[PDB]
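From first to last, the protein sequence lines stand for chains A and B. Each residue of the first sequence is one higher than the one before, starting from 22 at the first, in UniProt numbering. Each residue of the second sequence is one higher than the one before, starting from 21 at the first, in UniProt numbering.
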Amino acid sequence: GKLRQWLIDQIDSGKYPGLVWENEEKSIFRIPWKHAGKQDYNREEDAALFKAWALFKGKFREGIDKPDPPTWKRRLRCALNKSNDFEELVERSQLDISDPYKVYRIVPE
Amino acid sequence: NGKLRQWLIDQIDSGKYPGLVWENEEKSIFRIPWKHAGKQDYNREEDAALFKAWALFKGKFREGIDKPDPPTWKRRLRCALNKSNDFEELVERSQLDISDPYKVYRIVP
DNA sequence: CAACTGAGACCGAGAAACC
DNA sequence: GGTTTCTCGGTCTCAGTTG
């Protein structure tokens with residue numbers, strides 16, 4: 022669908038703190054991934070990306086759909102793991118840190 | 021695909037767990053031993069065999085590789101029992117606060 | 001100070017809905 | 001067919017509470 026182009030556009034936009042690359046080829050990038058109870062959680066800051074994917078696919082209409090960051094992140098994560106265009110480098114992801122992040126590589130084809 | 025129901029029924033019909041017995045012939049209500057770990061009368065091996073068996077069934081524990089954790093096993097089994105739609109708790113009949121405390125659970129068709 | 005608890009959050013793996 | 005999403009049956013995390 023649009024996941025590949027949408028995600029690379031969102032990383033290139035820079036409007037999401039933590040959504041950055043790792044090299045110049047832009048084949049490997051980071052993505053913020055916080056739990057919803059770690060205290061340092063800002064609802065409108067960390068869920069923004071997961072909100073955009075709900076707005077881009079019509080899964081969430083402002084004013085006509087009650088907010089739900091859980092299912093937003095659920096949808097985006099399921100589509101990201103099941104996509105054959107992204108491979109999560111499990112060893113390079115950093116989970117037990119301050120403001121965690123996950124490392125992905127886009128496979129070209 | 022839900023192994024909790026059949027596994028619990030097998031562990032009850034086997035009878036190798038003292039206290040894990042039925043209370044009726046329809047096999048729809050049963051007793052489960054629920055002792056606190058802080059008590060001196062808490063035998064760490066026998067009073068936690070079922071939670072350890074649940075950890076071993078779902079591959080959560082491997083003897084000789086991981087460190088034993090009876091509290092986490094108890095927490096896991098309790099969360100599975102509360103979240104599952106099959107077993108429901110009869111708190112009014114649980115009859116805790118006896119030398120051999122227990123919980124009474126009911127099976128739902 | 002461990003052990004325990006419920007409630008909300010999370011997750012991977014089919015089974016669908018969908019382009 | 002390829003792609004995103006919905007189900008589902010557990011598990012995880014946290015702020016409390018209890019022994």
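Positions of the beta carbon are idealized from the N, C-alpha and C atoms, including for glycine.
Inset, instruction - With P53(A) as the anchor, note down where its beta strand (DSSP E) starts and where it stops. - result: Its beta strand (DSSP E) spans residues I49 to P53.
Legend entry - Exposed unless 16 or more other CB atoms sit within 10 angstroms - verdict on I32(A): Looking at its Cβ environment, which holds 16 or more other Cβ atoms inside 10 Å, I32(A) is buried.
Inset, instruction - State the Cα-Cα distance for the pair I85(A) and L76(A), rounded to the nearest angstrom. - result: Computed Cα separation, rounded: 12 Å.
Legend entry - 4 or more residues per run - each alpha helix (DSSP H) lying fully within the UniProt domain "IRF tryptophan pentad repeat" (21–129) of chain B: Segments of the alpha helix (DSSP H) lying fully in the UniProt domain "IRF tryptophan pentad repeat" (21–129) of chain B: 23–34, 69–77 and 90–103.
Legend entry - CA-to-CA distance, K123(A) to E43(A), given in whole angstroms: Cα-Cα distance, rounded: 12 Å.
Legend entry - Closest residue to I29(A) among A69(A), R96(A), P121(A) and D106(A) (Cα-Cα distance): Residue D106(A) is the option with its Cα nearest to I29(A).
Inset, instruction - Work out the CA separation of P91(B) and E45(B) for me, nearest whole Å. - result: So the two alpha carbons sit approximately 32 Å from each other.
Legend entry - Proximity winner among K47(A), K80(A) and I52(A), relative to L116(A) (alpha-carbon distances): Its Cα nearest to that of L116(A), the residue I52(A) stands out among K47(A), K80(A) and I52(A).
Legend entry - Nearest-angstrom Cα separation, counted from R126(A) out to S48(A): Going from the Cα of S48(A) to the Cα of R126(A) covers about 5 Å.
Inset, instruction - Apply the 10 Å Cβ neighbour rule to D67(A) and answer buried if 16 or more other Cβ atoms are within range, or exposed otherwise. - result: The residue in question, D67(A), is buried, as its Cβ has 16 or more Cβ neighbours within 10 Å.
Legend entry - Rounded Cβ spacing between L110(A) and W74(A) (contact assumed at less than 8 Å): 21 Å between Cβ atoms; not a contact.
Legend entry - Inter-residue CB distance, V128(B) and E108(B) (contact presumed, cutoff 8 Å): Contact holds; Cβ gap of about 6 Å.
Inset, instruction - Figure out for me which residue from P88(A), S104(A), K59(A) and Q60(A) has the closest Cα to the Cα of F71(A). - result: Comparing Cα-Cα distances from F71(A) to each of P88(A), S104(A), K59(A) and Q60(A), the minimum goes to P88(A).
Legend entry - the ligand COA heavy atom lying under 6 Å from the CB of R126(A): The ligand content of the structure shown is nil, which means the ligand COA is not present either.
Inset, instruction - Look at the alpha carbon of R82(A) and the alpha carbon of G58(B), and state the distance between them as a whole number of angstroms. - result: Near 51 Å, if we compare the C-alpha coordinates of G58(B) and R82(A).
Inset, instruction - Measure from the alpha carbon of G35(A) to the alpha carbon of each residue in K103(A), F50(A) and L24(A), then state which is nearest. - result: Nearest C-alpha to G35(A) among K103(A), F50(A) and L24(A): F50(A).
Inset, instruction - Assign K94(A) to one of two classes, buried (16 or more other C-beta atoms within 10 Å of its C-beta) or exposed (fewer than that). - result: Only buried fits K94(A), as 16 or more other CB atoms lie within 10 angstroms of its CB.
Legend entry - Residue burial classification, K78(B) (beta-carbon count within 10 angstroms, cutoff 16): Classification for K78(B): exposed.
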